Amino acid sequence: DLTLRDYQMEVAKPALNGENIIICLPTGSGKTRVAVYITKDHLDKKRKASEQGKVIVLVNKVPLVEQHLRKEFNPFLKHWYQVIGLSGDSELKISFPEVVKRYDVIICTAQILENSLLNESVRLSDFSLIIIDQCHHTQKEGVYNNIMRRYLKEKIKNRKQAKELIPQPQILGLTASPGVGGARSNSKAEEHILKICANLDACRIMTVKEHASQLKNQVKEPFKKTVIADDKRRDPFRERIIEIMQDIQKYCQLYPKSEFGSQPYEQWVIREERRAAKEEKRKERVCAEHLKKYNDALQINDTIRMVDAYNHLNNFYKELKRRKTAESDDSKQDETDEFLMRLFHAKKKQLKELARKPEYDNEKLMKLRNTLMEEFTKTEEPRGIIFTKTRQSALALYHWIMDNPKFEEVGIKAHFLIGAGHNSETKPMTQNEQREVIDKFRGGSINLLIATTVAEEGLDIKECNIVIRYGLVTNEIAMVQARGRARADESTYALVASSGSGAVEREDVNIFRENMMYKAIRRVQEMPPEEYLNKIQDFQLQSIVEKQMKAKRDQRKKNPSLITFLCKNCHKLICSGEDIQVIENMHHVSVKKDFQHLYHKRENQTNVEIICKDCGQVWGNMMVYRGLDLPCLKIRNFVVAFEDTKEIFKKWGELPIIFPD
RNA sequence: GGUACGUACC
RNA sequence: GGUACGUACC
Ligand SMILES: Nc1ncnc2c1ncn2[C@@H]1O[C@H](COP(=O)(O)OP(=O)(O)O)[C@@H](O)[C@H]1O
Ligand SMILES: [Mg+2]
Ligand SMILES: [Zn+2]
């Protein structure tokens with residue numbers, strides 16, 4: 001039966017009376033249950049007053065649509081009202097305009113509403129209540145704020161029709177922590193709180209205060225630790241890679257103004273690779289390309305075990321053999337290419353055997369081991385999460401746990417959890433694969449997640465006894481969310497990091513920022529109504545101006561026979577701009593009748609690459625379309641030469657040219 | 001593919 | 001504003 005707790009009621013009270021508010025409840029409090037109570041109460045009143053009651057619940061992830069239906073929204077509203085969940089994933093055969101007419105409570109991803117609002121029609125007047133789950137994203141150019149700026153534009157247009165009366169929905173913001181917006185001062189922290197209040201049109205932000213004793217007993221915070229590693233072990237792997245990197249730099253004559261295995265080095269060598277590609281300096285760019293891989297190995301050794309650093313290099317040269325070697329069904333090896341390959345093969349014997357000695361592994365891995373061992377022996381049936389930065393680190397830590405049988409002995413049974421986006425070097429986990437791992441984690445089949453930021457917000461994950469942030473420090477919101485996953489009995493939160501990395505210091509800034517947030521919320525709540533209304537109006541007014549400036553900026557092509565495509569590695573003439581066409585208005589393809597002569601095919605739409613004939617540089621991959629084998633060219637791999645200038649682009653849209661169908 | 005947000009570094 | 005890492009939505 002649908003009932004609230006006393007702290008839940010306290011916070012819900014103004015939204016039941018018909019006021020726009022933001023609800024701030026910690027993780028595990030039941031903010032989604034408060035939403036269901038407010039939606040029924042809102043709709044039950046509209047029945048008794050003989051009026052059109054309609055709710056729309058907006059969420060930031062597709063899994064949350066399914067999730068809010070099963071657990072909360074259907075059980076209490078299905079028999080009494082028409083309820084539905086939507087997303088871009090679900091291929092529905094009804095238009096969203098019609099889905100509005102037919103249903104009382106619509107749970108969906110926020111972009112589905114905006115798609116309809118943009119262009120029978122949909123307007124925000126059609127809904128009487130709008131609930132925005134995870135409402136701290138109602139900011140900048142996000143989907144929530146684009147929905148809300150229409151509401152504010154209608155609010156201003158409504159006062160014009162008072163003087164010369166279009167209806168407007170109630171608004172409910174739901175979140176754990178609103179954030180401070182990277183503010184380093186209490187003034188800027190308060191400014192950010194008022195801005196998201198102004199974005200959601202909240203007449204008051206709401207927190208548990210009177211019944212704060214009940215909330216503290218309901219959700220119990222973990223014990224916070226900070227496991228620092230000074231890293232005063234000898235590192236012969238780092239030293240031996242540096243010697244290789246130093247040898248390569250003397251060959252190509254490219255010297256840095258920065259330390260080896262650092263981020264400013266990574267930026268430098270990519271810029272140097274891009275310069276050397278533009279200026280037809282094959283020697284320099286190939287050395288810069290290889291130097292980046294040796295630079296990756298150093299920073300891989302800094303986070304995960306050095307066997308991974310070896311494999312990153314070892315796989316790179318394995319793929320170079322595949323591309324450079326002339327297979328059947330078809331020299332590529334330059335002096336520079338032969339020099340770099342010999343250099344690896346010479347020092348490959350040592351690096352492989354040096355990597356097998358765990359005395360020279362990273363110290364953070366020993367700290368991670370110690371933290372895992374003592375905490376998984378602590379309880380009968382434990383559960384935990386290791387937050388790491390990269391996808392590679394997540395997979396590599398999963399192998400480290402598996403290739404070390406004392407974790408299997410003690411109780412741990414691990415599995416990685418990563419994103420589904422396709423803009424990384426590491427492969428993605430699909431949304432269905434993500435769903436299956438979190439289910440097994442809850443069931444007990446899986447014991448320990450090694451996740452990226454995928455695991456921190458929104459998704460329903462089982463209560464953890466331990467959550468470790470293995471080197472990862474993001475922002476104040478994500479810190480509270482990661483700490484919020486630890487809510488089992490005798491739970492602990494931990495930050496395993498190197499003192500040299502500066503992550504320990506950046507966490508203390510987030511702790512400082514989290515304190516400013518609670519002070520700021522208090523000050524905005526205590527603020528008198530006239531002072532509040534003035535400030536909320538000012539931010540609402542300048543928020544509209546902000547979009548007009550970006551709209552005019554975005555409002556700011558030529559002719560396709562102006563350009564030609566050179567191979568970035570070897571500078572050979574390949575295509576004119578007239579040869580290009582687009583498929584589905586996204587994937588670009590070359591048409592030229594005698595294009596087959598200039599490339600070869602290798603395995604790793606299709607799993608068949610396209611590489612240069614003369615030099616073995618990747619151009620892209622093949623694809624089937626209407627029973628025709630067509631070559632998909634990725635813009636990354638080409639130097640575009642103009643008639644008037646030579647430049648490289650990362651995306652096809654960055655060109656000042658439109659192409660045919 | 002497009003777009004959004006987060007973080008570090010310039 | 002740029003480079004990368006990360007996550008997401010259509
Ligand atoms: N008033 C209540 N009475 C009984 N159970 C509740 C109440 N509020 C919440 N719950 C339960 O507690 C859980 C809340 O979890 P969740 O919705 O994930 O919280 P949040 O969204 O704040 O993280 C749900 O499983 C729900 O069944
Ligand atoms: Mg919930
Ligand atoms: Zn080439």
# chains A, B, ... in the order shown; residues from 1 in each chain; ligands from 1
call {"tool": "interface_residues", "arguments": {"of": "chain A", "to": "chain C", "cutoff": "8 Å", "atoms": "only C-alpha atoms (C1' of nucleotides)", "output": "list in words"}}
result
residues 60, 61, 88, 109, 111, 112, 266, 267, 389, 390, 419, 421, 452, 453 and 454 of chain A
call {"tool": "select_by_dssp", "arguments": {"residues": "segment 281-500 of chain A", "states": "helix (DSSP H, G or I)", "output": "JSON, numbers by chain"}}
result
{"A": [282, 283, 284, 285, 286, 287, 288, 289, 290, 291, 292, 293, 294, 295, 296, 297, 298, 299, 300, 301, 302, 303, 306, 307, 308, 309, 310, 311, 312, 313, 314, 315, 316, 317, 318, 319, 320, 321, 322, 323, 324, 335, 336, 337, 338, 339, 340, 341, 342, 343, 344, 345, 346, 347, 348, 349, 350, 351, 352, 353, 354, 355, 358, 359, 360, 363, 364, 365, 366, 367, 368, 369, 370, 371, 372, 373, 374, 375, 376, 391, 392, 393, 394, 395, 396, 397, 398, 399, 400, 401, 402, 405, 406, 407, 408, 409, 410, 431, 432, 433, 434, 435, 436, 437, 438, 439, 440, 441, 442, 443, 453, 454, 455, 476, 477, 478, 479, 480, 481, 482, 483, 484, 485]}
call {"tool": "atom_distance", "arguments": {"atom1": "atom CA of residue 296 of chain A", "atom2": "atom CA of residue 284 of chain A"}}
result
18.3 Å
call {"tool": "residues_near_ligand", "arguments": {"ligand": "ligand 2", "cutoff": "6 Å", "atoms": "only C-alpha atoms (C1' of nucleotides) and all ligand atoms", "output": "count of residues only"}}
result
3
call {"tool": "residues_around", "arguments": {"residues": "segment 399-415 of chain A", "least_positions_apart": "4", "cutoff": "8 Å", "atoms": "only C-alpha atoms (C1' of nucleotides)", "output": "list in words"}}
result
residues 305, 373, 376, 377, 395, 437, 445, 446, 447, 448, 449 and 450 of chain A
call {"tool": "write_last_selection", "arguments": {"atoms": "N, CA, C and O atoms", "output": "PDB file, in the first residue's frame"}}
result
ATOM      1  N   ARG A 305      49.190  -3.547 -13.717  1.00  0.00           N
ATOM      2  CA  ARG A 305      50.433  -4.326 -13.798  1.00  0.00           C
ATOM      3  C   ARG A 305      51.146  -4.168 -15.141  1.00  0.00           C
ATOM      4  O   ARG A 305      50.510  -3.988 -16.179  1.00  0.00           O
ATOM      5  N   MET A 373      41.426  -8.226   0.178  1.00  0.00           N
ATOM      6  CA  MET A 373      41.590  -9.433   1.001  1.00  0.00           C
ATOM      7  C   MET A 373      40.987  -9.291   2.399  1.00  0.00           C
ATOM      8  O   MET A 373      40.262 -10.179   2.851  1.00  0.00           O
ATOM      9  N   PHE A 376      36.844  -8.762   1.999  1.00  0.00           N
ATOM     10  CA  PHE A 376      36.082  -9.954   1.569  1.00  0.00           C
ATOM     11  C   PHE A 376      36.124 -11.114   2.579  1.00  0.00           C
ATOM     12  O   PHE A 376      35.265 -11.997   2.535  1.00  0.00           O
ATOM     13  N   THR A 377      37.114 -11.111   3.475  1.00  0.00           N
ATOM     14  CA  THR A 377      37.147 -12.024   4.630  1.00  0.00           C
ATOM     15  C   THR A 377      36.342 -11.508   5.837  1.00  0.00           C
ATOM     16  O   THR A 377      36.207 -12.213   6.838  1.00  0.00           O
ATOM     17  N   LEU A 395      39.215  -3.953 -17.668  1.00  0.00           N
ATOM     18  CA  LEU A 395      39.479  -5.294 -18.206  1.00  0.00           C
ATOM     19  C   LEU A 395      40.776  -5.874 -17.641  1.00  0.00           C
ATOM     20  O   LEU A 395      40.834  -7.051 -17.292  1.00  0.00           O
ATOM     21  N   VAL A 437      25.236  -8.387 -16.247  1.00  0.00           N
ATOM     22  CA  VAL A 437      26.287  -8.344 -15.218  1.00  0.00           C
ATOM     23  C   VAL A 437      25.761  -7.797 -13.885  1.00  0.00           C
ATOM     24  O   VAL A 437      26.098  -8.337 -12.829  1.00  0.00           O
ATOM     25  N   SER A 445      25.988 -14.633  -8.250  1.00  0.00           N
ATOM     26  CA  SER A 445      26.837 -15.208  -9.302  1.00  0.00           C
ATOM     27  C   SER A 445      28.127 -14.404  -9.533  1.00  0.00           C
ATOM     28  O   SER A 445      29.186 -14.984  -9.782  1.00  0.00           O
ATOM     29  N   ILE A 446      28.019 -13.077  -9.454  1.00  0.00           N
ATOM     30  CA  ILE A 446      29.168 -12.171  -9.513  1.00  0.00           C
ATOM     31  C   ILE A 446      29.296 -11.467  -8.160  1.00  0.00           C
ATOM     32  O   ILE A 446      28.296 -11.101  -7.540  1.00  0.00           O
ATOM     33  N   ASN A 447      30.541 -11.288  -7.720  1.00  0.00           N
ATOM     34  CA  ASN A 447      30.864 -10.788  -6.381  1.00  0.00           C
ATOM     35  C   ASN A 447      31.446  -9.370  -6.361  1.00  0.00           C
ATOM     36  O   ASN A 447      31.168  -8.601  -5.441  1.00  0.00           O
ATOM     37  N   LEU A 448      32.257  -9.040  -7.369  1.00  0.00           N
ATOM     38  CA  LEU A 448      33.041  -7.807  -7.389  1.00  0.00           C
ATOM     39  C   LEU A 448      33.052  -7.192  -8.790  1.00  0.00           C
ATOM     40  O   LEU A 448      33.578  -7.793  -9.727  1.00  0.00           O
ATOM     41  N   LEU A 449      32.464  -6.004  -8.930  1.00  0.00           N
ATOM     42  CA  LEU A 449      32.494  -5.267 -10.196  1.00  0.00           C
ATOM     43  C   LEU A 449      33.767  -4.431 -10.285  1.00  0.00           C
ATOM     44  O   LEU A 449      34.145  -3.780  -9.313  1.00  0.00           O
ATOM     45  N   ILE A 450      34.431  -4.461 -11.442  1.00  0.00           N
ATOM     46  CA  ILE A 450      35.479  -3.491 -11.761  1.00  0.00           C
ATOM     47  C   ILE A 450      34.901  -2.582 -12.840  1.00  0.00           C
ATOM     48  O   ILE A 450      34.971  -2.891 -14.032  1.00  0.00           O
TER      49      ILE A 450
END
call {"tool": "residues_near_ligand", "arguments": {"ligand": "ligand 1", "cutoff": "10 Å", "atoms": "only C-alpha atoms (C1' of nucleotides) and all ligand atoms", "output": "PyMOL selection string"}}
result
chain A and resi 1-9+24-35+37+67-68+71-72+133-134+174-176+218-219+457-462+481+484-485
call {"tool": "write_last_selection", "arguments": {"atoms": "N, CA and C atoms", "output": "short mmCIF file (atom, residue, chain, number, x, y, z; two decimals), in the first residue's frame"}}
result
data_model
loop_
_atom_site.label_atom_id
_atom_site.label_comp_id
_atom_site.auth_asym_id
_atom_site.auth_seq_id
_atom_site.Cartn_x
_atom_site.Cartn_y
_atom_site.Cartn_z
N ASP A 1 0.85 -1.23 0.00
CA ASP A 1 0.00 0.00 0.00
C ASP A 1 0.87 1.26 0.00
N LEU A 2 0.44 2.27 -0.76
CA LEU A 2 1.26 3.46 -1.02
C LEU A 2 1.28 4.43 0.17
N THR A 3 2.37 4.39 0.94
CA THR A 3 2.58 5.28 2.09
C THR A 3 4.02 5.77 2.15
N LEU A 4 4.20 7.01 2.63
CA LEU A 4 5.52 7.61 2.80
C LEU A 4 6.00 7.50 4.25
N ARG A 5 7.32 7.57 4.43
CA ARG A 5 7.92 7.76 5.75
C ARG A 5 7.83 9.24 6.13
N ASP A 6 8.14 9.55 7.39
CA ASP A 6 7.98 10.92 7.90
C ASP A 6 8.93 11.92 7.22
N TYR A 7 10.18 11.51 6.98
CA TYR A 7 11.14 12.36 6.25
C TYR A 7 10.77 12.51 4.77
N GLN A 8 10.22 11.45 4.19
CA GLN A 8 9.71 11.49 2.81
C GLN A 8 8.53 12.46 2.68
N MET A 9 7.63 12.44 3.66
CA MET A 9 6.45 13.31 3.67
C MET A 9 6.86 14.78 3.82
N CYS A 24 15.86 16.96 -2.41
CA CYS A 24 17.21 16.44 -2.19
C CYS A 24 17.20 15.37 -1.11
N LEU A 25 17.24 14.11 -1.54
CA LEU A 25 17.28 12.95 -0.64
C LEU A 25 18.48 12.07 -1.00
N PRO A 26 19.28 11.63 0.01
CA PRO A 26 20.41 10.71 -0.25
C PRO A 26 20.05 9.40 -0.95
N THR A 27 21.08 8.66 -1.38
CA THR A 27 20.89 7.40 -2.10
C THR A 27 20.39 6.32 -1.13
N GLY A 28 19.35 5.60 -1.55
CA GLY A 28 18.65 4.63 -0.71
C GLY A 28 17.49 5.18 0.10
N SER A 29 17.22 6.48 -0.02
CA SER A 29 16.13 7.13 0.71
C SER A 29 14.75 6.79 0.13
N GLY A 30 14.70 6.61 -1.19
CA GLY A 30 13.46 6.30 -1.90
C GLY A 30 12.84 7.53 -2.53
N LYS A 31 13.63 8.25 -3.32
CA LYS A 31 13.16 9.44 -4.03
C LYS A 31 12.17 9.10 -5.15
N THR A 32 12.31 7.91 -5.75
CA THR A 32 11.37 7.42 -6.77
C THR A 32 10.02 7.02 -6.18
N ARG A 33 10.02 6.51 -4.94
CA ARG A 33 8.77 6.22 -4.22
C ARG A 33 8.00 7.50 -3.89
N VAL A 34 8.74 8.56 -3.54
CA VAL A 34 8.15 9.89 -3.29
C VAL A 34 7.49 10.44 -4.56
N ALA A 35 8.11 10.18 -5.71
CA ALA A 35 7.54 10.57 -7.01
C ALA A 35 6.19 9.90 -7.27
N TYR A 37 4.02 8.66 -5.07
CA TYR A 37 3.05 9.23 -4.14
C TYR A 37 2.53 10.59 -4.61
N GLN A 67 13.09 0.29 -15.18
CA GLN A 67 13.31 0.16 -13.74
C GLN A 67 12.23 0.84 -12.90
N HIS A 68 11.88 2.08 -13.25
CA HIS A 68 10.84 2.82 -12.53
C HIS A 68 9.44 2.24 -12.71
N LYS A 71 9.43 -1.55 -10.40
CA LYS A 71 9.58 -1.42 -8.94
C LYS A 71 8.57 -0.49 -8.29
N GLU A 72 8.36 0.68 -8.89
CA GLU A 72 7.62 1.77 -8.24
C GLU A 72 6.30 2.12 -8.93
N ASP A 133 13.75 13.19 -12.99
CA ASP A 133 14.65 12.39 -12.15
C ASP A 133 16.09 12.75 -12.49
N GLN A 134 16.96 12.90 -11.48
CA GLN A 134 18.39 13.28 -11.61
C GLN A 134 18.43 14.66 -12.17
N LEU A 174 14.10 15.84 -8.79
CA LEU A 174 14.55 14.78 -7.88
C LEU A 174 16.04 14.55 -8.09
N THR A 175 16.80 14.55 -6.99
CA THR A 175 18.25 14.34 -7.03
C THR A 175 18.80 13.99 -5.65
N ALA A 176 20.05 13.54 -5.62
CA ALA A 176 20.77 13.25 -4.38
C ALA A 176 21.50 14.49 -3.91
N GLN A 218 17.85 5.29 8.53
CA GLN A 218 17.49 4.58 7.28
C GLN A 218 18.70 4.32 6.39
N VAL A 219 19.37 5.39 5.97
CA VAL A 219 20.59 5.29 5.15
C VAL A 219 21.81 5.61 6.02
N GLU A 457 26.16 6.30 -11.07
CA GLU A 457 24.86 6.99 -11.02
C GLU A 457 23.68 6.17 -11.54
N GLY A 458 22.51 6.37 -10.92
CA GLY A 458 21.23 6.00 -11.51
C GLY A 458 20.84 4.53 -11.42
N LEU A 459 21.63 3.68 -12.06
CA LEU A 459 21.37 2.24 -12.16
C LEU A 459 21.21 1.59 -10.79
N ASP A 460 20.34 0.58 -10.72
CA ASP A 460 20.07 -0.14 -9.48
C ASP A 460 21.12 -1.23 -9.33
N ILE A 461 22.04 -1.03 -8.40
CA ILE A 461 23.10 -1.99 -8.10
C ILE A 461 22.94 -2.40 -6.63
N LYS A 462 23.24 -3.67 -6.36
CA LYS A 462 23.13 -4.25 -5.02
C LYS A 462 23.97 -3.49 -3.99
N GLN A 481 27.73 9.84 -4.84
CA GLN A 481 27.08 8.68 -5.47
C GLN A 481 27.88 7.39 -5.30
N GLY A 484 27.65 6.51 -1.81
CA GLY A 484 26.28 6.03 -1.63
C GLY A 484 26.02 4.57 -1.99
N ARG A 485 26.87 3.98 -2.83
CA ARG A 485 26.79 2.54 -3.14
C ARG A 485 27.14 1.67 -1.93
#
call {"tool": "residues_near_ligand", "arguments": {"ligand": "ligand 3", "cutoff": "6 Å", "atoms": "only C-alpha atoms (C1' of nucleotides) and all ligand atoms", "output": "number ranges by chain"}}
result
A: 567, 569-570, 572, 612, 614-615, 617
call {"tool": "atom_distance", "arguments": {"atom1": "atom CA of residue 632 of chain A", "atom2": "atom CA of residue 559 of chain A"}}
result
21.1 Å
call {"tool": "residues_around", "arguments": {"residues": "residue 276 of chain A", "least_positions_apart": "2", "cutoff": "10 Å", "atoms": "only C-alpha atoms (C1' of nucleotides)", "output": "list in words"}}
result
residues 270, 271, 272, 273, 274, 278, 279, 280, 281, 282, 283, 284, 285, 286, 287, 288, 568 and 569 of chain A
